[PDB]
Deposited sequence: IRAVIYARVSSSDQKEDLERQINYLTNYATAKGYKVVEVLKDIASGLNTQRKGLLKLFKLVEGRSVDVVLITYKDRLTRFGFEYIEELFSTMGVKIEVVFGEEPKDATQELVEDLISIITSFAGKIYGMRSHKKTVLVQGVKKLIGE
């Protein structure tokens, strides 16, 4: 069962934790009996739909080369719209195997802000005073 490993970390500092993720899935697959075709990684947010590695994964899947995609948690593949990726892959007959995070809270808070900042711009103005009010307030509120 030809497999493609997708691993992702948000920050550059977390570079060591990404290699551990690849390694978990690499040994996971070779114990399961999967031949690891390729290993695709990214040091970016789950929110970015234009990740270089993710778009290489899309092309790999579409090329009907691989049979299964391995990720540690759903969170790794994408923050939002997993179901759409699941649908794109399934039409190519590719299954997503989710091996399991209670760990990441800093990733959830950081992703929350970036959403609030973009939406605040859409609601009040990308260079408005009220946008700054909400984002400075929310940042202070999480501190508590």
{"query": "Where the deposited sequence has no C-alpha coordinates (positions from 1, in order)", "finding": "101-103"}
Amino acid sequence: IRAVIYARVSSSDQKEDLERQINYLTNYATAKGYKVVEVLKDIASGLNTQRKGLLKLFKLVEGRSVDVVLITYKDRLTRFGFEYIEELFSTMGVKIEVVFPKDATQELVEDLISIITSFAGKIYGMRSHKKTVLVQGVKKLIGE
From here on, numbers count along this sequence of modelled residues.
item	value
Segment of higher mean CA temperature factor, 80-88 or 111-119	111-119
Entry-level comparison of average CA B-factors, 47-55 and 24-32, reporting the higher stretch	24-32
Per the PDB entry, maximal CA B factor within 41, 102, 95, 64	102
